[PDB]
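Working notes, beginning with the structure itself.
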Ligand SMILES: */C=C/C(=O)CC[C@@H](C)[C@H]1CC[C@H]2/C(=C/C=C3C[C@@H](O)C(=C)[C@H](O)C3)CCC[C@]12C
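Protein chains in written order, with the authors' numbering: chain C, 625 to 635; chain A, 123 to 159, 218 to 420.
As structure tokens, this is what we get:
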């Protein structure tokens, strides 16, 4: 998705 | 009649906010120190604050009922779009009418128009942003109203990139209905008057505010030297 940090923080 | 499910939704949201928002502002110390002098001296401190704020918003988003049901991609698109808008809405609590500034319990952590300007934002953003805060302040929303608006803001069908609008819309609707019932059942007139419509208008203002931020971030980010001052999450959420 090109958003590794945002995804990780979400779950 | 305020529903048992609806009371449940409000209780979750108040806790999510309490868990994700600190009146103390103790964590602010961790950010690189504010420099008020010097161009964009402040931004290093405010870039950090925005990054911190994004994490807090993400934690709040996870709590909202039915957010979990949405696909990860849907969660990502919603969070990416609304993160700036939610920060502006949540900030209101710190913001004070007396100085027209965001007050975090310290002179260093008290932020004003020329402080925001040092970050690298044109008045085009600031004058509407300050105005927004005053209008939000005037509303004098209940904390339940404040928490509900943030969640409704986050879960919007029309955010760009949304894979599943119909599912996102249904989650939003449940919150919208919960907010409408609260104002009628729990808000006394005259404050209650036109209250839902005014809150919805604020969401409209946020969209405009968000658009202005993108124009400003692009300009400030455009230069690599400035893009360096920002945090990696700010880069991921806003641009890179
Ligand atoms: C580019 C500079 C920048 O800070 C981006 C956002 C700018 C335009 C505004 C938006 C919200 C403003 C502020 C909020 C204050 C707080 C945020 C909130 O999350 C919180 C924990 C406290 O209430 C403090 C103040 C500075 C200018 C901001 C960031």
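From the three backbone atoms N, C-alpha and C, an ideal C-beta is built for every residue, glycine too.
Rounded to a whole number of angstroms, what is the C-alpha to C-alpha distance between residue i and residue j?
{"i": "residue 631 of chain C", "j": "residue 223 of chain A", "result": "26 Å"}
{"i": "residue 322 of chain A", "j": "residue 413 of chain A", "result": "31 Å"}
{"i": "residue 69 of chain A", "j": "residue 128 of chain A", "result": "Residue 69 of chain A is absent from the model: chain A starts at 123 and stops at 420."}
{"i": "residue 285 of chain A", "j": "residue 277 of chain A", "result": "15 Å"}
{"i": "residue 364 of chain A", "j": "residue 153 of chain A", "result": "42 Å"}
{"i": "residue 325 of chain A", "j": "residue 403 of chain A", "result": "40 Å"}
{"i": "residue 340 of chain A", "j": "residue 256 of chain A", "result": "11 Å"}
Taking the continuous alpha helix (DSSP H) assigned at residue i, which residues delimit it?
{"i": "residue 407 of chain A", "result": "404-407"}
{"i": "residue 357 of chain A", "result": "345-366"}
{"i": "residue 129 of chain A", "result": "126-142"}
{"i": "residue 297 of chain A", "result": "293-299"}
Measuring only between beta-carbons, confirm whether residue i sits less than 9 Å from chain C.
{"i": "residue 273 of chain A", "result": "no"}
{"i": "residue 256 of chain A", "result": "yes"}
{"i": "residue 417 of chain A", "result": "yes"}
{"i": "residue 253 of chain A", "result": "yes"}
{"i": "residue 347 of chain A", "result": "no"}
{"i": "residue 246 of chain A", "result": "no"}
{"i": "residue 135 of chain A", "result": "no"}
{"i": "residue 260 of chain A", "result": "yes"}
Which residue comes first and which comes last in the beta strand (DSSP E) that contains residue i?
{"i": "residue 281 of chain A", "result": "281-283"}
Give the single residue among the options whose Cα lies nearest to the Cα of residue i.
{"i": "residue 399 of chain A", "options": "A:302, A:252 and A:298", "result": "A:302"}
{"i": "residue 299 of chain A", "options": "A:257, A:240 and A:228", "result": "A:228"}
{"i": "residue 218 of chain A", "options": "A:314, A:134, A:273 and A:294", "result": "A:294"}
{"i": "residue 287 of chain A", "options": "A:253, A:351, A:157 and A:394", "result": "A:157"}
Q. Which residues, taken in chain order from the stretch 393-415 of chain A, show a beta carbon closer than 7 Å to some beta carbon of chain C?
A. 412 and 413
Q) Taking a cut of 7 Å between CB atoms, which residues from the stretch 223-240 of chain A lie near chain C? A) 235 and 238
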